[PDB]
Structures are given as C-alpha cells and as structure tokens.
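In UniProt numbering, the protein residues as written are 532 to 675, 693 to 900.
Think of the CB as a built atom: it goes at the ideal place given N, C-alpha and C, for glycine as much as any other residue.
Single-structure report; data block below.
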Amino acid sequence: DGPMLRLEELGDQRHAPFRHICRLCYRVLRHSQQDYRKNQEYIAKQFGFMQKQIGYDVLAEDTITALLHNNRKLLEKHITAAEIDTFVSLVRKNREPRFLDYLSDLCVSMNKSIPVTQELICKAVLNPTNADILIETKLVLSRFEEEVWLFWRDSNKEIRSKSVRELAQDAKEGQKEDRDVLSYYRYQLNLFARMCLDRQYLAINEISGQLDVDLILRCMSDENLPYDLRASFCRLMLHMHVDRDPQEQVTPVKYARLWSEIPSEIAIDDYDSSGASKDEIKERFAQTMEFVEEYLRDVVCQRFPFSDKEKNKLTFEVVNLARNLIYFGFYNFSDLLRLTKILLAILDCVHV
C-alpha cells in the first residue's frame, strides 16, 4: 500500500479465495441496508469517499448500485454529472462489458423512469461514446444477400470488419473477443431500451435517425444470432418504435356513433373501415404483423412450447410486442381471431 494496493499484478493481493471471503463483506453490507431507510442515510455520508473505490473489482460498484437502487431521494441529488462521466470513462479503460448494466439500472426504478436522471444520462451517453468508446452499432446495410455489418473500433486505432452472423458464429466457437463484443452489444441495446421510455424526446429523436422498423426487423428474420440478442432487439424496438407520437391508446367500445354513417348491414368485411389515415402506419408494420403470426407457427409445432430457457427468454418480449400492438389498434377484428386460435393452440399444447 505504498500509493495504494492494486488487485492486478502491480501489487500483491493474494486473490481468488481471499476475494471470495472478502465479497461477503459487501454482501452482508447490502443485507444490512435492505428496506431500512436509516441505514441508507447513514451510508450516504460516505458518498464522496465511496467514489474512488468503484472500478477496482472490489464489488464497490455493486454496493453503491444497491444503495442507490432503493432510495429515490438519495439518487435524485447525490448522483451528479461528473459522477456519470467518471462511470463512462471507467469502462473504456476497463475493457469489460458487465459495467454497462449498472448505468442502465440507474434511471429505472419501480417500473417507471426519473426524468432528470434520464436527461443527465442521455447526453452523457451520446457525447462521449462517439470518440472511441466502441459504438458497436454502425447500422449500415450491405445495400447501403442483404446483411448488416458490425464494424467496431478498438483501442488500437484499428477498424474491425466482420459481418454480424460471422462474429456470432465465432462467438460460439470459443472466441473471447467476439463474446465480449456481443456482451457489450446486448448491453448497449438494453441501455437503448431505457432512455426512450415514457415519451422523453431528448434521445428518441436522435435514436430514430439511425434505427428503422425494417432495420430492426432484419434482426428478427434471422435465427442465427443467439436469442438474447434478438431479445434486446425486440424490447428496444417496442420501446422506441411503438410508444411515440402520434399513436396512442384506443378505446375498445364506442358510446357515441352516427346514424347515417352506420350502414344497414354490418359484417366482418367492413368491420373497421374508419382507419384510412393510419393505413400507412399499418403498412410500415404490416410485415411485423406477419412475423408476429408466423412466430407462433414456429412454436405451435413444438411438443413442449417452453422447452429451452433461451427460447423462453425469446418468447416474453415478443408476447409484449404483440400485447402493445393490439391495444395500439393495429389489428382488425379479422386478425384478432387468427391470433386467438394460434394463441389457444399453445395453451392446448401446454396440457401435453
């Protein structure tokens, strides 16, 4: 401990079992601060002191995230812009993806979002990223076999060229660099699924300039990618594309109609002819509507429709996407029954 002690080879640490014993300290420290306000305020006084130890792989980041997760009054004031900038800077030198989830979980609490927390993070994510952080998006189509390419820049001032499917295939081969690339890619998709919540336009407009419905759906028609990636693509697609102006929740039952407008005969063929304006909107997700249908075809034939855990993880966000689409008035009454029979087929196969 001359200047300090480093967990790396610079200074002796005697890691592995000793760290296993040490992590109990912060584990029981988190146990103490569960659902107890006074402990939170008592630990809050060390807010400045606890800043430095973050990033030393000593579970200090876990402790600070646990403390900041369940105290909104503490979070709204103690967390500052410089702290977020330091968080961002730590990852670049760390060259590790797992740090990314902690920043994302800051803005989400009690299944809602804090506006000031999202505002202080949107610019702090978009501005430092572009220098060299990795970006890991570079959404350009092969036309712009159609494919998208994941060109990421490392710290060695070098441009890596690789198709998404090829690097995904190499990830299961045993390549650690591509595994970390996919980890950071899924993490940044998860981030991108958070700043766009509950109609805040400090980041939605910027994101929509690169992402498109067909661009994201290109990640829906390929099964080569691991299903966690597609899980991220579905949720970000829902959060940014679906919830935006001008589309809004529709009323199911109408209490006031016009006599002359209603024809003498009403049938399914003319169920909802009052959606002429939204015809383009339906068109730009009509293919998405189709994939929602045949995705259920892909799973009906299974003897156990919930066999694989990764397939289970794939299922939930697609369920959510359709769940939101149906209330957004996207499906005509003819399509509701078509979805209903395939939906009930899964429940029938559940008994097997």
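Quick one, which of the options has its alpha-carbon nearest residue i's?
| i | options | result |
| --- | --- | --- |
| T668 | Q758, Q649, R747, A719 | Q758 |
| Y749 | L665, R805, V647 | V647 |
| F578 | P548, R603, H609 | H609 |
| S822 | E809, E813, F833 | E809 |
| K710 | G722, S703, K720, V696 | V696 |
| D636 | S620, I615, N625, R623 | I615 |
| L862 | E831, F781, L892 | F781 |
| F852 | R886, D820, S812, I894 | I894 |
| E693 | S703, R713, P659 | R713 |
| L869 | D702, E838, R886, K857 | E838 |
| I574 | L605, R674, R805, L698 | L605 |
Going by the beta-carbon positions, is the gap between residue i and residue j smaller than 7 Å?
| i | j | result |
| --- | --- | --- |
| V761 | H789 | yes |
| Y775 | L631 | no |
| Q582 | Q571 | no |
| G877 | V801 | no |
| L599 | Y557 | no |
| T596 | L560 | no |
Report buried or exposed for residue i, applying the criterion of at least 16 other Cβ atoms within 10 angstroms of its Cβ.
| i | result |
| --- | --- |
| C653 | buried |
| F881 | exposed |
| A662 | exposed |
| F854 | exposed |
| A815 | exposed |
| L634 | buried |
| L784 | buried |
| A719 | buried |
| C744 | buried |
| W807 | exposed |
| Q649 | buried |
| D827 | exposed |
| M768 | buried |
By the three-class DSSP mapping on this structure, what secondary structure does residue i have?
| i | result |
| --- | --- |
| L672 | strand |
| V639 | strand |
| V729 | helix |
| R792 | coil |
| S812 | coil |
| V867 | helix |
| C553 | helix |
| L759 | coil |
| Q736 | helix |
| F854 | coil |
| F618 | helix |
Under the DSSP definition of a beta bridge, which residues are partnered with residue i?
| i | result |
| --- | --- |
| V696 | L672 |
| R701 | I707 |
| residue 677 | Coordinates for residue 677 are absent; the numbering of the chain skips from 675 straight to 693. |
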